[PDB]
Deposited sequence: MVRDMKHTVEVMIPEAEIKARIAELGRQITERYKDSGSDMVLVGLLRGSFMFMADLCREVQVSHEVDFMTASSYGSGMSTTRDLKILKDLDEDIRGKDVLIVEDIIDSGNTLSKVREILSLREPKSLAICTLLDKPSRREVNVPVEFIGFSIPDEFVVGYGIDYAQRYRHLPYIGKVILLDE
């Protein structure tokens, strides 16, 4: 467990990609006319949600939810209703796609006007369950990453950039 962390994706770059995601999300929803709510998955999405929602130029609500990353259970459900609203699930990263997949199903049952997912990172190679992912900040190989909500031994979660854990020998 002896190691070091080096910057992989500088915060300045993360900020740029998010602003763009924001324009994209805004453009995609600005004319819906229905209520919108960004749904972040805890703990991972807190930082990403913070920045992202500020880049979304349409009036919207911000709610969080926390699932158990065998059965995907709900430790903390949404505080507000989503029925008839536009819901954009926000996660820091998708790899296997299991939790995201199940969470999308659960929310689907509440009959929202629509459902989409926006992740800061995407690890295509690790996918195990195909699930739609409308907005992605970065596509990366299966690297040992941390920061921006992603931890390693309850650490680096507060880093302003995405770094890679170099596992010293």
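> Could you spell out the stretches of the deposited sequence that were left without C-alpha coordinates, going in sequence order?
Residues lacking C-alpha coordinates: 1-4, 74-81, 182.
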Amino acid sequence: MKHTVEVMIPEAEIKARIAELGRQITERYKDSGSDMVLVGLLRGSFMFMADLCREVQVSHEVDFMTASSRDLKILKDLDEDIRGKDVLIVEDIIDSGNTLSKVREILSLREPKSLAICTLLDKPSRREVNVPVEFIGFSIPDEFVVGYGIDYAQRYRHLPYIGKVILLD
From here on, numbers count along this sequence of modelled residues.
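> Mean Cα B factor from the PDB record: higher for 29-37, or higher for 107-115?
The deposited B-factors put 29-37 ahead on the C-alpha mean.
> Can you let me know which of the two, 123-131 or 40-48, has the higher average C-alpha B-factor in the entry?
Stretch with the greater average CA B-factor: 123-131.
> By the CA temperature factor listed in this entry, which of these ranks top: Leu159, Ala153, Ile14, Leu21?
That would be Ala153, according to the entry.
> Classify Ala67 as lowest, middle or highest third according to the C-alpha B-factor given in the PDB entry, relative to its own chain.
Highest third.
> Which third, lowest, middle or highest, does the CA B-factor of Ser59 fall in along this chain?
As the PDB entry reports it, the C-alpha B-factor of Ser59 lands in the middle third of its chain.
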